[PDB]
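Engineer: Next input, structure requested:
(chains A, B, C, D, E, F, G, H, I, J and K)
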Amino acid sequence: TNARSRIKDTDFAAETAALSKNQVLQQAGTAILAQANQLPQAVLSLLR
Amino acid sequence: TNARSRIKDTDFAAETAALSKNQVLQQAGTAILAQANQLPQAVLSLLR
Amino acid sequence: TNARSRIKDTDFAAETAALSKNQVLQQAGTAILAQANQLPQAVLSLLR
Amino acid sequence: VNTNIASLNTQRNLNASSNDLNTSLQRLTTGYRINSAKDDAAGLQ
Amino acid sequence: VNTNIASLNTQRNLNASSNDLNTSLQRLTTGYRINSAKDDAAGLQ
Amino acid sequence: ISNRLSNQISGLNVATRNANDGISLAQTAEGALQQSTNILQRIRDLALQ
Amino acid sequence: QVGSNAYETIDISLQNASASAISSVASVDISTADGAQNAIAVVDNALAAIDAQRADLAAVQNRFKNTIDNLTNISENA
Amino acid sequence: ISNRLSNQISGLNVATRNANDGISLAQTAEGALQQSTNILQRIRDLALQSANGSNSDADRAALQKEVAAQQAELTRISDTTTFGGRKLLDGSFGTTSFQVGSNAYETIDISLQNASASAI
Amino acid sequence: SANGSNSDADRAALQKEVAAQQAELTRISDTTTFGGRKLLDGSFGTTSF
Amino acid sequence: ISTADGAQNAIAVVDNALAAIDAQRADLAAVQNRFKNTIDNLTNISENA
Amino acid sequence: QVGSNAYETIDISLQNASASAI
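Structural biologist: Residues are numbered from 1 along each chain as shown, chains lettered A, B, ... in the order given. The coordinates are given below.
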């Protein structure tokens, strides 16, 4: 049984950190996109 | 027999203290992790 | 052993305060940067 | 910084801690400081 | 002015801060003020 | 360099796990032998009886 | 294997047998006194071989435990 | 002047990074040695155990096997540290010199122990 | 695939896993037809931009 | 892979060949770095012409 | 041995015999 856990039993005290990292990335790349999609808007609004 | 105990018989009146120390560490490093995994969250939430 | 702790055993009841200070600095300098990187934006947005 | 967390070093230490913890509990159950396991095999023998 | 940001000096300080932070956390995990690392090698020795 | 580092790291995580399963293997073996020893303890008990 | 390179492995030497090779424990058939006494001589020797085997395991997961604390600190700082 | 400044600056950023990777190298080496010390701590533990009640632990033989295992560890840890395929400290490491600025021969020589297995 | 050195009998499954990945190194090798004259598999003729 | 002796040698295979890959990727490093400069440069030429 | 250094030991001198030498 102890083996069965060493196989399966996630050391989620580490995977929590991994988890935050993923949540974090979702957030960050999103905000980057909210910024990114403003670029072409500016380009044309000005050249016009 | 008395020898057999001096070999085997844990002086657990000491190992209790060792035990607390281990339980204590589980608790402490855990709370440290609950704090630690908040770091990257803050980093990006602010730079964005 | 008592010596070994006087060498190693962090008086973390002090290092907690040091810890907060570091966390605190991360937070503060970050918010300062969130403000700082707004400066050039303003400069040009106005001179234009 | 976000790419990883150096503070997973904390995790490592705890793994060691929990290992010690479990073994201590074993020793506290049976009263045998030398587990029936191999550990300290000399005294065991 | 736009060519650069002198306020990146702020960044530098934070790098130092985070370094200290991580080391403190290590010391808080294990309870060892002298990390197993070399740091303060005299007391370590 | 990093590609070599990621090579090393994740490879060694797998190897860690292979080692852990090995620890368990040797553990189960140890239990079996402990109980072989209880028997053999009884065998001297019976030979003397 | 305990690392990432080839032939980086811990050979282990489980006892080839337990039943009839601990001469044999099963050989003895106590019932006669002269076999009782010699029986003790059998079990003693063979039991020593067992607890040598158990102690072989002692070295092996002690070896593992260090190896993985160590490996784990490597993969850390890498 | 600025071309010389940009020369200096970005060169020194690269040199900073080379230094940081060096910091990591010496860190991994340090970890390996920490654990060498845990073993050697155990080796005194076993040598003292090997008094044997002065002759009463016949099963020093098992301890001998235990010792042999740990001795083999001081080879495995000695190997297996391939930061570069040119690993740290076993056999022959060639005393390398980490640059930390932008000028030639501006380097930190480091002196990793030539061996760990058979030379401790 | 050390397999706990012999304990994962189901290396066979791993072998299948390997075969699948090996086939990927053909698919990625193909399928890059920038020009109908794809990049890197088989024979690309060392072109000169 | 399926045999252990092939597992270990397998690692020796992949290591060497992977080095050849990341040499190829680094060849590309030189090539669009070369391009990027070349076009900033060419672009400044066609400018002042 | 009773400490951590070499040759730090308590020699003991059990009587060589009991049966035919008392």
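Engineer: So which residues on chain D come close to chain H?
Structural biologist: D:41-42, D:45 (Cβ under 8 Å from any Cβ of the partner chain). (C-beta placed from N, C-alpha, C; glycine too.)
Engineer: Just among those, which is most surrounded?
Structural biologist: Counting neighbours by other Cβ atoms under 10 Å in any protein chain shown, residue D:41 leads the residues of chain D next to chain H with 23 neighbours.
Engineer: and the residue in chain A that chain F sits nearest to, how many neighbours?
Structural biologist: The nearest approach of chain A to chain F comes at residue A:3, 3.2 Å away (Cβ to the nearest Cβ). Residue A:3: 15 surrounding residues under other Cβ under 10 Å.
Engineer: Make sure it is actually in contact with residue F:24.
Structural biologist: Yes. With contacts counted by Cβ atoms under 8 Å, residue A:3 reaches residue F:24, the gap being 3.2 Å.
Engineer: which ones among the residues of chain D next to chain H are found in helices?
Structural biologist: Secondary structure from DSSP state H places D:41-42 of the residues of chain D next to chain H in helices.
Engineer: Pick the one among the residues of chain D next to chain H closest to residue G:60.
Structural biologist: Using Cβ to Cβ, the shortest approach to residue G:60 within these belongs to residue D:41, at 10.7 Å.
Engineer: Spit out the contact partners of that closest one.
Structural biologist: Contacts for residue D:41 were tallied using Cβ atoms under 8 Å, 6 or more residues apart in numbering or on different chains; they are G:51, G:54-55, G:57-59, H:59, H:62-63, H:66.
Engineer: now, which of those sits nearest chain A?
Structural biologist: residue G:57 (15.0 Å).
Engineer: can you tell me how far the closest one sits from residue D:44?
Structural biologist: Residue G:57 sits 11 Å away from residue D:44, going by Cβ to Cβ, to the nearest Å.
Engineer: before we move on, back to that, tell me which helix or strand the residue of chain A closest to chain F sits in.
Structural biologist: In this assignment (DSSP states H and E), residue A:3 forms part of helix A:2-8.
Engineer: give me phi/psi at residue D:32?
Structural biologist: phi -100, psi 110 (degrees, to the nearest 10).
Engineer: returning to that earlier point: output the contacts of residue D:41 as CSV; include the columns secondary structure and neighbour count.
Structural biologist: Below are the contacts of residue D:41 laid out as CSV (DSSP: H, G, I helix; E, B strand; the rest coil; neighbours: other Cβ atoms under 10 Å in any protein chain shown):
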residue, secondary structure, neighbour count
G:51, helix, 20
G:54, helix, 23
G:55, helix, 23
G:57, helix, 22
G:58, helix, 27
G:59, helix, 24
H:59, coil, 19
H:62, helix, 24
H:63, helix, 21
H:66, helix, 27
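Engineer: Mind putting the residues you listed into JSON lines with distance to residue G:44?
Structural biologist: Output for those, formatted as JSON lines (distance: Cβ to Cβ, whole Å):
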{"residue": "G:51", "distance to residue G:44": "11"}
{"residue": "G:54", "distance to residue G:44": "16"}
{"residue": "G:55", "distance to residue G:44": "17"}
{"residue": "G:57", "distance to residue G:44": "21"}
{"residue": "G:58", "distance to residue G:44": "21"}
{"residue": "G:59", "distance to residue G:44": "23"}
{"residue": "H:59", "distance to residue G:44": "13"}
{"residue": "H:62", "distance to residue G:44": "16"}
{"residue": "H:63", "distance to residue G:44": "20"}
{"residue": "H:66", "distance to residue G:44": "23"}
